[PDB]
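This report refers to the structure that appears directly beneath it.
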Amino acid sequence: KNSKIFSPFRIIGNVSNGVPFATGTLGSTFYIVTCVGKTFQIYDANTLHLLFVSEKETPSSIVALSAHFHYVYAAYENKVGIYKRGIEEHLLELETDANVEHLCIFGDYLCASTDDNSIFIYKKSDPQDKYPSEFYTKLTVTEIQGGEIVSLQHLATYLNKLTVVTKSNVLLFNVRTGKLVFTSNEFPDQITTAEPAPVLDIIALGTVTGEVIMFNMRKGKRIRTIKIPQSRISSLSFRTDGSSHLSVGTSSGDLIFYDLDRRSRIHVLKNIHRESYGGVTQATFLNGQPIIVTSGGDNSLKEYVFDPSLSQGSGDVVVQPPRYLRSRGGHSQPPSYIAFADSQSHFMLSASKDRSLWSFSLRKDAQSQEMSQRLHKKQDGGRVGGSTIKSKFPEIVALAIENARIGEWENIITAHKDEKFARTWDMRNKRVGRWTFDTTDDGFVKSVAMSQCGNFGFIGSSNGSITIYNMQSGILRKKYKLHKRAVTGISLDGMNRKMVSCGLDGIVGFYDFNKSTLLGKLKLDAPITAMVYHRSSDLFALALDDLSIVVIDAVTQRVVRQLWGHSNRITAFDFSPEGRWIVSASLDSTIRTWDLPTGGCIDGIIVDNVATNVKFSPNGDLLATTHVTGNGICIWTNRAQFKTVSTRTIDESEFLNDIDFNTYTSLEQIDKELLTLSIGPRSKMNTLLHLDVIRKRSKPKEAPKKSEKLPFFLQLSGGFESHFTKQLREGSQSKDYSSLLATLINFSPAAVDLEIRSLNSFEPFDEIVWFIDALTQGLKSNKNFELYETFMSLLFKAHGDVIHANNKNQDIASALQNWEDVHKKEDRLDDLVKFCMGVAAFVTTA
Amino acid sequence: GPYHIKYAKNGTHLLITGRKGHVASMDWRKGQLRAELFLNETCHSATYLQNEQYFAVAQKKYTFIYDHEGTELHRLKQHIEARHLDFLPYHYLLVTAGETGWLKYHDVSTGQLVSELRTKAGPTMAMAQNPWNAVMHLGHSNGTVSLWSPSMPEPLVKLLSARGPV
Amino acid sequence: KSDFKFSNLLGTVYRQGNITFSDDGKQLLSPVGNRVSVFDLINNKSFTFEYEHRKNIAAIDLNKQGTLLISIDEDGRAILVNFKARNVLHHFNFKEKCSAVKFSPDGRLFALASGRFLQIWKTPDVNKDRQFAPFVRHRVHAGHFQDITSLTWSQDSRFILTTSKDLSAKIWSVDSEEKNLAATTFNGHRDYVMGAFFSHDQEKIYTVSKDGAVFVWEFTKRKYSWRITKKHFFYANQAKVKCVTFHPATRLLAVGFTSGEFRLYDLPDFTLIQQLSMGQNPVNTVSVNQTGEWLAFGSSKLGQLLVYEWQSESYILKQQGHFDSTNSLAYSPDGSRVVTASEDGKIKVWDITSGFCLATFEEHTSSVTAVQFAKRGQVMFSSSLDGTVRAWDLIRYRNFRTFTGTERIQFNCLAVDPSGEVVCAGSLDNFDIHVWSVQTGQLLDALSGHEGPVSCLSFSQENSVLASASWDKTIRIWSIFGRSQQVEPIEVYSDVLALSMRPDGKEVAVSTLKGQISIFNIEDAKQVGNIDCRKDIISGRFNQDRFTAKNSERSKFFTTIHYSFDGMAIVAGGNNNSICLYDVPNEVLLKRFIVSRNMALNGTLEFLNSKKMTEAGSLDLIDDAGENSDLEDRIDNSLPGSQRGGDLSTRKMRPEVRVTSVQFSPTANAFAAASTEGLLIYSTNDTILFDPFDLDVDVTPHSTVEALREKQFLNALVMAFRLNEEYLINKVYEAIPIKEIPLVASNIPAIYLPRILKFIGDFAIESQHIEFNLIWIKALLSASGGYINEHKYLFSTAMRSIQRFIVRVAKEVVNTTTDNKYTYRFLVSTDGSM
Amino acid sequence: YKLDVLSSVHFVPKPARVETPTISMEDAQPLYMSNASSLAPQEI
Amino acid sequence: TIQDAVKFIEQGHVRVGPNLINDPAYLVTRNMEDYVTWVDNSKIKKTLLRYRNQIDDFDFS
RNA sequence: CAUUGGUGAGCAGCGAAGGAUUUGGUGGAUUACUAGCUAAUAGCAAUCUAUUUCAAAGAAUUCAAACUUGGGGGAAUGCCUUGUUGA
């Protein structure tokens with residue numbers, strides 16, 4: 001269940017999963033931590049801005065969250081994790097095999113309640129410690145003491161006491177000594193929720209039949225009972241602004257505000273969250289604020305605020321209803337379709353089965369916005385029609401987006417489930433556009449496509465017709481009638497010349513678009529379900545019913561690759577931006593990465609949930625997948641951005657080196673008789689030849705203002721024989737100069753100037769003779785040719801007078817004779833160069 | 001922001017001055033706005049003149065004098081890069097100090113510049129007036145407070161107050 | 001063909017910020033706008049990073065391993081970049097403006113000076129994969145009262161020295177256990193402390209101030225504490241210390257001043273090693289490499305970079321860039337050099353491989369408006385607003401002839417005939433086209449017949465017919481050679497702004513004011529094509545505009561266009577934020593390039609953040625220069641209504657994004673654009689894409705290598721061309737033996753032969769296999785010279801690249817060899833006795 | 001200069017052969033492009 | 001009026017040659033007077049052409 | 001006859017427990033996500049201030065200091081500079 005190419009990065013589009021969020025305070029700032037599957041997310045409350053994300057996914061889902069003063073406690077299976085800034089500082093694994101249900105942090109103690117009615121108390125080793133870390137004790141709540149534990153709360157000023165709310169009664173424990181201090185009388189109804197009031201000794205209990213009971217723990221009694229009939233109470237909260245208001249959140253999705261002083265009902269907010277996902281799972285009044293933060297299982301997090309009263313004298317009697325302040329949201333159902341909205345990988349478009357089309361930002365979660373489905377006025381002036389009770393569009397099954405004309409007119413086409421027309425959308429305004437494109441043959445829209453110019457949109461119909469519309473004016477331009485079964489793919493090339501269609505009849509049709517002719521047909525063995533076209537390489541891949549992927553070259557109309565290995569229906573596939581890879585997800589819970597040059601399966605991933613959509617970023621840095629379960633998009637990073645991956649096939653285990661890594665190192669020398677240059681820079685020869693005048697250019701024009709007395713050996717403060725000359729002598733002795741030539745190559749140009757210029761210019765000229773012999777052997781080597789020529793040129797510049805005045809010496813004359821013998825063979829390079837210039841110049845100009 | 005504030009000697013009017021050119025004169029107790037200017041320029045200080053009817057603003061280079069409604073009456077070319085403004089209410093003298101290290105006294109009734117004094121100590125870090133005898137106490141970056149009178153070209157008293165800038 | 005990637009930013013060496021050497025000392029990293037350029041000074045290889053900040057870069061740092069680059073712009077936004085992979089790992093937002101970034105000498109931590117605070121973060125592992133938040137905060141230290149000017153790590157990573165504007169420097173410890181060793185504030189300075197440095201061992205501390213004082217602190221007795229042992233002063237009175245760096249092993253202190261002066265001192269002796277002047281503008285940054293031989297000074301105004309060897313008083317590098325100042329570019333006929341004309345009157349020759357300027361010509365006394373080359377590469381012509389057209393030999397660097405009309409008129413466009421006898425120029429002051437001879441400097445003619453200013457000129461490279469076009473909505477085609485002297489006009493709907501000739505010379509393309517590019521035939525004046533380019537253009541909204549970018553008509557046209565050398569594509573640019581590439585037979589847009597992403601430029605955003613708009617207006621238009629610390633920063637020297645400003649008079653409004661000249665390279669698949677930031681070089685590399693040609697199921701790299709092992713060399717080469725992969729083509733090409741080269745080169749199919757020519761041209765200039773490449777070129781020229789001769793324009797780029805290989809390296813090798821041979825012949829044949 | 005700054009369409013610059021190698025006439029950088037000395041043979 | 005001209009300049013109606021000028025402080029030379037004209041697609045230009053009954057929508061007016 | 005004139009009276013067509021214009025307010029986005037405060041290696045967030053003070057360190061132009069002025073003529077008295085007189 002791992003890949004060599006793709007690594008998990010994040011899952012976007014998710015806000016909360018219906019686990020009751022925890023609120024935390026830092027100074028005057030509030031934050032909300034919501035649960036998102038196995039991670040948690042922290043939001044700044046004042047802006048609902050994402051601050052932190054849990055760094056690593058937990059092995060299991062998070063079941064409870066708590067927050068206090070920079071620290072977040074998250075419960076999953078038998079463990080409780082203690083995190084600061086998303087990073088896990090500590091982990092507590094309870095000795096039980098049971099699962100942690102509830103958490104309560106107060107003072108030194110962390111109390112963790114499991115599903116077998118056991119409470120594990122942990123305490124700090126030293127009261128200066130930031131969090132509890134070591135095990136203190138375990139308390140069992142037997143069935144005679146009370147039912148199953150509903151909550152662990154801690155009332156204020158209750159020294160070392162924990163309030164355990166069960167379905168039957170309320171217990172009080174001394175967590176230092178382990179004693180059971182108090183046990184209340186049994187309540188007739190099952191208690192579902194509990195919340196400590198901001199008054200002394202009072203805890204609020206919400207029951208299944210709809211009762212909110214104020215319980216006095218010190219008196220041991222009930223002081224008030226509020227009845228909300230035919231409602232299951234899911235959340236309770238108290239206002240601390242100075243107004244005695246109580247908020248009750250029901251599982252039907254309603255939020256009810258009561259005035260406790262006035263004994264009245266202020267307001268009811270109906271269906272703020274969906275009943276099916278659990279209604280109002282959590283609603284918390286912020287401390288001292290007229291702001292209540294609500295959430296539910298439908299991937300929403302909202303805020304409501306109370307305005308000040310319109311009456312000056314009356315005030316508390318005349319209360320305005322709570323109003324919507326701000327929210328974050330996502331899909332309530334898994335996404336049906338995804339696409340990338342631009343080349344910068346800033347934004348993604350995602351349509352889900354809850355009939356919503358959203359735009360999700362990969363850079364900042366605040367920029368995510370739902371595309372508006374508010375219709376436009378018809379151009380003729382007639383009424384649109386449809387039901388006045390407005391519902392969303394049917395779920396989108398196909399989408400095409402082209403940003404060539406963004407801001408001018410519509411640039412998105414969507415095909416919706418079981419409809420005979422396609423819809424257009426504008427991405428600049430983020431709203432539905434004014435044209436609906438029909439199939440004109442009484443068939444459902446199976447395919448959509450768009451031109452790269454942005455002027456044309458294409459519809460594939462379930463009856464075989466292809467209609468071409470104008471995206472600017474919504475006017476039907478043309479209709480192509482080749483197919484007889486459903487058209488399951490259309491595309492057009494980047495030059496708008498050739499158009500390709502594929503359908504369930506097994507036919508690939510190649511059309512010309514400028515002239516309306518048909519260029520060809522191709523019959524394949526199986527019906528074709530989907531097509532992806534790559535416009536830089538003119539290559540399109542087709543998914544077939546025989547569980548294969550067929551890559552066809554469009555210019556030559558030929559099947560060039562065929563990919564086998566998926567053991568069930570190919571749900572999705574996409575090209576890499578350079579066209580080298582195809583990533584395909586199938587119904588066999590595998591995502592395979594295919595190399596097209598080799599036609600091989602280089603990578604595979606065994607996924608836990610079937611990936612319905614796979615798209616790949618135009619930057620090539622990201623991969624986006626959507627799965628059957630989960631309301632978010634999984635973002636994957638491409639390891640090939642930062643490292644190189646072998647194209648060796650990976651289908652052997654489950655599911656030479658130059659070819660594997662798509663590289664080739666040029667040889668040092670192709671043949672012994674071929675003249676080759678040095679491996680270094682080309683300018684080394686020129687610098688070595690004209691280094692002195694480069695010096696004289698590089699010197700400053702005026703003498704710099706120095707000190708009156710400069711200390712000697714300032715650079716030093718900041719043997720008998722050189723290694724060069726030792727190598728020269730031993731090379732003369734052993735008649736092999738290879739190491740000498742190697743160190744001459746690796747010397748810097750100024751070092752070359754020193755070691756050539758400072759040779760023994762006197763009798764018997766042994767150093768000059770040995771250097772000439774070394775250069776002759778280097779010329780025999782046929783490598784570093786220009787460097788050895790430069791060395792001889794530098795020798796002629798430095799010691800030319802010695803050689804000239806001392807020629808007809810036997811040793812010098814014989815050395816230069818050997819040099820001329822080896823050097824006269826190199827006139828072939830002159831002939832090659834002269835032929836190349838003469839012929840190339842004649843061919844070019846004449 | 002940020003805002004440098006000044007009160008009238010009665011205390012019935014308040015003159016705020018933002019660094020980004022938002023200068024307002026108001027009757028703060030009444031809640032009545034006399035003037036509001038958006039100069040779109042760097043402004044450092046403002047002061048009232050003998051009434052709330054006139055006020056001086058030390059803008060980016062020159063110091064400007066505005067009336068009650070907010071019309072520009074004067075642009076004082078002689079007062080250059082003043083960061084500190086003051087008014088001597090019995091002498092009708094507007095005193096400017098700033099980045100140039102020159103203390104300038106200008107008569108607001110006649111319009112004649114009374115004194116240009118060369119502090120010779122770099123830009124003036126601080127400035128206060130002695131309300132008892134109308135002597136200006138300037139604070140320089142060398143750590144000395146100097147006491148100035150318009151009739152004398154050199155300071156009356158030099159006090160070594162701090163080590164660093166005052 | 002259509003694929004182009006941003007390769008280089010040429011013509012700029014330093015904008016503002018920190019410049020850093022690499023640890024090996026070979027590469028210099030400098031910030032150029034919102035981009036970082038790396039120059040390899042040993043291999044002479046320059047590149048720039050593709051990523052952009054949204055504003056100008058304020059600080060950079062490179063890891064000692066050379067694997068990580070952190071670059072922070074103004075307003076504190078960081079980008080962490082994999083250096084060797086050349087890809088962005090992460091984006092961070094430090095909410096406060098950051099003065100300095102520095103990695104630890106270990107590289108495990110990095111310190112950041114943001115405001116009063118010093119933030120130490122742990123550096124992410126480069127071998128780890130990208131994660132949502134890779135930065136773990138180590139600590140935040142908040143002892144300084146005002147903004148931190150600089151920070152310095154110790155040679156062991158235990159301690160950090162921070163210097164701030166509150167006239168002090170603090171010492172901080174990374175370990176809480178070692179915080180007792182580092183609790184000292186160093187005081188006594190009379191101005192901003194510019195740097196605090198340790199000695200080569202930990203026991204001495206040097207602190208440098210803005211007013212020019214160096215303090216030596218030692219831990220000595222009067223128990224034991226730090227105290228100022230010795231105070232040294234730079235007695236530069238007017239100049240203030242702008243920057244300072246210290247190399248502790250060499251004990252070298254390098255100081256840069258506001259007067260343009262830099263001093264080298266030896267510490268603790270305070271011995272003045274050296275004292276020089278970059279110019280008149282302040283020295284904004286100083287760096288020193290690790291071994292200490294090389295210093296690097298950067299000045300923001302005029303964009304000056306200077307690498308100085310100091311033990312030998314020698315300039316490794318002395319460069320000056322041009323920002324918002326380039327009017328025209330011309331490629332050399334081999335694509336190795338680009339020559340730019342500038343508004344300050346300079347003509348500069350920039351090498352492309354190394355991003356440095358080769359020569360600068362300063363004879364023009366006003367803004368130079370056009371630069372062209374002859375067909376011979378040795379002559380270029382330049383037209384300027386000063387009233388002169390000058391001719392330059394690039395062999396002697398000699399302005400060998402100047403060309404002047406009767407009166408002084410402002411020349412704006414320039415053309416030269418192919419056989420370099422006739423030079424034409426057009427002006428906005430006059431409606432005539434002035435025609436001079438080259439051999440004799442006298443003017444032959446003044447062509448009349450345009451009712452507006454001649455906006456554009458070109459000579460047909462084969463017919464030698466002159467096409468001009470003007471703001472009178474006409475294109476006049478003049479046959480100035482021959483006895484006839486006939487002109488034919490063509491009427492266009494709108495004002496002609498740009499013109500280009502097809503390399504065939506049969507057609508002329510014209511960019512007009514209405515956003516169209518119309519293509520006309522010359523032999524018969526018939527419009528053979530039209531491209532509607534108006535909607536493709538990305539036009540931003542300025543901060544002073546009271547009208548929408550949609551309704552703005554400032555830049556809805558193209559002011560420069562150029563043909564590809566095969567004649568199939570046109571690149572176009574203008575005063576907009578888009579560079580558009582078109583395919584002329586299909587009249588369609590291939591690709592569009594965003595010129596800049598810099599919010600410091602003006603027209604880069606179509607929409608502006610409405611939080612900026614107040615009841616006063618934009619917050620970006622408030623004159624906030626009065627808040628600056630220095631009088632030189634506070635002074636407003638501007639003249640009202642100046643469109644561009646001057647050297648002494650800087651304009652109030654921000655620079656605008658614009659492209660003044662686009663051209664295609666004669667040698668490679670690349671194009672250059674002269675834009676505000678510099679020269680945008682966009683190139684194509686074939687190693688990236690997978691673009692098969694005539695692919696088949698049998699054709700795989702394994703099958704190609706198998707045919708190579710079976711020694712079917714022609715089949716292997718053809719299969720490698722069909723796969724179109726550079727590594728596989730290289731493998732087969734180097735595996736073919738020398739004896740087989742004539743047969744394979746004779747039997748190469750005619751379709752794949754442009755591919756082998758382009759491959760050899762690209763490969764042979766860097767490769768060491770000079771004789772092998774020459775044998776291949778000789779075999780291909782012998783086999784198919786006639787085919788190339790028929791298809792000139794299909795082969796022109798490949799043939800020019802091959803000629804560049806033959807002239808640029810092979811002749812230098814041959815010249816050195818022949819000089820050696822003749823010198824040997826003299827030294828042996830002639831007697832040198834007595 | 002100031003009048004040219006007022007009226008000039010472009011940026012206004014501020015107002016300002018012995019025998020030598022051309023490699024000396026170049027700018028300071030590792031490379032060179034032209035070798036021959038400045039003086040022509042007819043000028044020598 | 002000059003104030004009307006100021007507003008028309010800031011509202012994007014004026015070009016001096018091909019170049020739009022939205023700066024009122026821009027100084028016009030005697031030579032540069034001959035190219036101070038209305039921008040195309042200007043409602044002002046359409047209004048004056050429509051007044052003279054000489055509006056050609058092919059030219060965009 | 002034309003009306004690319006105004007003001008109206010009516011049809012066909014469109015058409016789901018309405019439709020069409022106009023407008024005030026608030027929220028999100030308009031750059032790329034690492035949480036509040038402080039005296040900051042920590043503490044606070046219900047603050048403390050009844051340890052908040054000692055010690056140590058810390059004083060160059062030997063005040064260098066309008067790079068800051070619309071043009072032409074001046075300067076009684078100021079101011080600046082230089083010289084001088086008497087202490």
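A note on labels: chains of the structure tokens are A, B, ... as shown, every chain counts residues from 1, and ligands are counted from 1 in their shown order.
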**Request:** Provide as a ChimeraX atom specification the residues of chain E at most 9 Å from chain C, counting only C-alpha atoms.
**Result:** /E:10-13,15,17-27,31-32,39-41,59
**Asked** Where does DSSP see strand (DSSP E) in segment 380-502 of chain A, if you list the residues as a PyMOL selection string?
**Response** chain A and resi 396-401+412-416+421-426+431-438+445-450+456-461+466-470+476-480+487-492+498-502
Please provide as a PDB file with N, CA and C atoms, in the first residue's frame all residues within 8 Å of segment 476-484 of chain C, with the sequence filter that same-chain residues fewer than 4 positions apart are discarded (counting only C-alpha atoms (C1' of nucleotides)).
```
ATOM      1  N   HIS C 450       4.468  58.922 -46.683  1.00  0.00           N
ATOM      2  CA  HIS C 450       3.734  58.511 -45.498  1.00  0.00           C
ATOM      3  C   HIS C 450       3.100  59.753 -44.896  1.00  0.00           C
ATOM      4  N   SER C 464      15.411  42.153 -51.379  1.00  0.00           N
ATOM      5  CA  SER C 464      15.948  43.478 -51.050  1.00  0.00           C
ATOM      6  C   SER C 464      14.951  44.572 -51.413  1.00  0.00           C
ATOM      7  N   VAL C 465      13.736  44.427 -50.899  1.00  0.00           N
ATOM      8  CA  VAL C 465      12.684  45.422 -51.032  1.00  0.00           C
ATOM      9  C   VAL C 465      12.401  45.939 -49.627  1.00  0.00           C
ATOM     10  N   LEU C 466      12.113  47.229 -49.499  1.00  0.00           N
ATOM     11  CA  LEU C 466      11.969  47.820 -48.177  1.00  0.00           C
ATOM     12  C   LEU C 466      10.499  48.018 -47.850  1.00  0.00           C
ATOM     13  N   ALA C 467      10.025  47.348 -46.810  1.00  0.00           N
ATOM     14  CA  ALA C 467       8.672  47.541 -46.322  1.00  0.00           C
ATOM     15  C   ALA C 467       8.710  48.456 -45.113  1.00  0.00           C
ATOM     16  N   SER C 468       8.039  49.592 -45.209  1.00  0.00           N
ATOM     17  CA  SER C 468       7.842  50.468 -44.072  1.00  0.00           C
ATOM     18  C   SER C 468       6.357  50.541 -43.797  1.00  0.00           C
ATOM     19  N   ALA C 469       6.004  50.933 -42.585  1.00  0.00           N
ATOM     20  CA  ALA C 469       4.607  51.171 -42.274  1.00  0.00           C
ATOM     21  C   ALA C 469       4.502  52.165 -41.138  1.00  0.00           C
ATOM     22  N   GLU C 488       4.564  50.843 -53.606  1.00  0.00           N
ATOM     23  CA  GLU C 488       3.179  50.383 -53.609  1.00  0.00           C
ATOM     24  C   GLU C 488       2.624  50.458 -52.200  1.00  0.00           C
ATOM     25  N   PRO C 489       1.544  51.194 -51.965  1.00  0.00           N
ATOM     26  CA  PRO C 489       0.968  51.234 -50.621  1.00  0.00           C
ATOM     27  C   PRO C 489      -0.130  50.195 -50.439  1.00  0.00           C
ATOM     28  N   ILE C 490      -0.290  49.757 -49.196  1.00  0.00           N
ATOM     29  CA  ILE C 490      -1.372  48.885 -48.761  1.00  0.00           C
ATOM     30  C   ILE C 490      -2.070  49.572 -47.600  1.00  0.00           C
ATOM     31  N   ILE C 522       3.799  40.188 -50.785  1.00  0.00           N
ATOM     32  CA  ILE C 522       4.484  41.379 -51.283  1.00  0.00           C
ATOM     33  C   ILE C 522       4.357  41.486 -52.797  1.00  0.00           C
TER      34      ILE C 522
END
```
**Message:** Let's see if you can do this: from backbone DSSP, list all helix (DSSP H, G or I) residues in segment 736-825 of chain C, as a ChimeraX atom specification.
**Reply:** /C:741-747,753-763,770-790,792-825
I'd like the neighbourhood of residue 20 of chain C as a compact mmCIF listing (two decimals) with N, CA and C atoms, in the first residue's frame, where a residue qualifies if any of its atoms comes within 9 Å (using only C-alpha atoms (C1' of nucleotides)), though same-chain residues fewer than 4 positions away should be ignored.
```
# COMPACT_ATOMS: atom_id res chain seq x y z
N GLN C 27 29.77 29.33 -7.37
CA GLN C 27 28.51 29.91 -7.82
C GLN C 27 28.16 31.13 -6.99
N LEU C 28 27.67 32.16 -7.66
CA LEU C 28 27.20 33.39 -7.04
C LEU C 28 25.70 33.48 -7.22
N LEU C 29 24.98 33.62 -6.12
CA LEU C 29 23.54 33.76 -6.13
C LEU C 29 23.19 35.21 -5.85
N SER C 30 22.40 35.81 -6.74
CA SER C 30 22.00 37.19 -6.57
C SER C 30 20.51 37.34 -6.85
N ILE C 60 18.18 36.27 0.97
CA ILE C 60 18.32 34.88 0.53
C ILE C 60 19.36 34.21 1.39
N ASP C 61 19.29 32.88 1.46
CA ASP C 61 20.40 32.10 1.98
C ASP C 61 20.40 30.71 1.37
N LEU C 62 21.61 30.19 1.18
CA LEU C 62 21.85 28.85 0.66
C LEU C 62 22.51 28.01 1.73
N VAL C 286 27.54 43.34 0.80
CA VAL C 286 28.89 42.77 0.73
C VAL C 286 28.80 41.30 1.11
N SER C 287 29.49 40.45 0.36
CA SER C 287 29.64 39.05 0.72
C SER C 287 31.10 38.64 0.53
N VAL C 288 31.48 37.57 1.20
CA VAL C 288 32.80 36.98 1.07
C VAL C 288 32.64 35.47 0.99
N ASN C 289 33.43 34.83 0.13
CA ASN C 289 33.30 33.38 0.05
C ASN C 289 33.97 32.71 1.25
N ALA C 296 32.21 40.26 -2.85
CA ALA C 296 31.18 40.58 -3.83
C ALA C 296 30.34 41.73 -3.31
```
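Distances to chain F were evaluated for A:406, A:384, A:397, A:112 using only C-alpha atoms (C1' of nucleotides), and the minimum falls at A:384.
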Using only C-alpha atoms, I'd like a table of the residues in chain D that come within 12 Å of chain E; for each, show the closest atom pair and its distance in Å rounded to one decimal, ordered by chain and ascending number, as a Markdown table.
```
| residue | atom | partner | partner_atom | distance |
| --- | --- | --- | --- | --- |
| D:3 | CA | E:27 | CA | 10.7 |
| D:4 | CA | E:29 | CA | 11.0 |
| D:5 | CA | E:27 | CA | 10.5 |
| D:6 | CA | E:27 | CA | 7.0 |
| D:7 | CA | E:27 | CA | 6.4 |
| D:8 | CA | E:29 | CA | 9.1 |
| D:9 | CA | E:32 | CA | 10.1 |
```
Prev. selection, N, CA, C and O atoms, output as a short mmCIF file (atom, residue, chain, number, x, y, z; two decimals), in the first residue's frame:
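The new file again_31.cif reads:
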```cif
data_model
loop_
_atom_site.label_atom_id
_atom_site.label_comp_id
_atom_site.auth_asym_id
_atom_site.auth_seq_id
_atom_site.Cartn_x
_atom_site.Cartn_y
_atom_site.Cartn_z
N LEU D 3 14.68 70.02 -19.02
CA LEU D 3 13.68 70.20 -20.06
C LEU D 3 13.46 68.91 -20.86
O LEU D 3 12.34 68.60 -21.27
N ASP D 4 14.53 68.14 -21.07
CA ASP D 4 14.38 66.83 -21.70
C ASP D 4 13.62 65.87 -20.81
O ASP D 4 12.89 65.00 -21.30
N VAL D 5 13.79 65.97 -19.49
CA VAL D 5 13.02 65.13 -18.58
C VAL D 5 11.54 65.48 -18.66
O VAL D 5 10.68 64.59 -18.67
N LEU D 6 11.23 66.77 -18.75
CA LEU D 6 9.84 67.19 -18.94
C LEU D 6 9.22 66.70 -20.24
O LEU D 6 8.09 66.21 -20.24
N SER D 7 9.93 66.83 -21.37
CA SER D 7 9.25 66.68 -22.65
C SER D 7 9.61 65.38 -23.37
O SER D 7 9.01 65.04 -24.39
N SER D 8 10.60 64.63 -22.87
CA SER D 8 11.15 63.51 -23.62
C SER D 8 10.32 62.25 -23.46
O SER D 8 9.90 61.91 -22.35
N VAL D 9 10.13 61.53 -24.56
CA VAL D 9 9.28 60.34 -24.55
C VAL D 9 9.93 59.21 -23.77
O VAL D 9 9.25 58.41 -23.12
#
```
**Message:** Env of residue 16 of chain D: 10 Å cut, atoms = only C-alpha atoms (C1' of nucleotides), seq-sep filter 2 positions within chain, self excluded. Answer as an NGL selection string.
**Reply:** (:C and (365)) or (:D and (13-14))
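Closest to chain A among F:53, F:84, F:47, F:7 is F:47, based on only C-alpha atoms (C1' of nucleotides).
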**Message:** Please list as JSON, numbers by chain every residue within 7 Å of residue 438 of chain A, counting only C-alpha atoms (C1' of nucleotides) and excluding residues in the same chain fewer than 2 positions away.
**Reply:** {"A": [420, 421, 422, 436, 440]}
Store the residues of this selection in a file with C-alpha atoms, as an mmCIF file, in the first residue's frame.
```cif
data_model
loop_
_atom_site.group_PDB
_atom_site.id
_atom_site.type_symbol
_atom_site.label_atom_id
_atom_site.label_comp_id
_atom_site.auth_asym_id
_atom_site.auth_seq_id
_atom_site.Cartn_x
_atom_site.Cartn_y
_atom_site.Cartn_z
ATOM 1 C CA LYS A 420 -30.557 15.965 -22.336
ATOM 2 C CA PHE A 421 -28.633 19.253 -22.179
ATOM 3 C CA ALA A 422 -25.303 20.486 -20.847
ATOM 4 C CA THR A 436 -27.747 25.366 -22.057
ATOM 5 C CA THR A 440 -30.968 17.718 -30.526
#
```
**Message:** Give me the residues near residue 72 of chain B as a ChimeraX atom specification, where near means some atom within 12 Å (using only C-alpha atoms (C1' of nucleotides)) and where sequence neighbours in that chain fewer than 6 positions away do not count.
**Reply:** /B:35,37,39,54-57,63-66
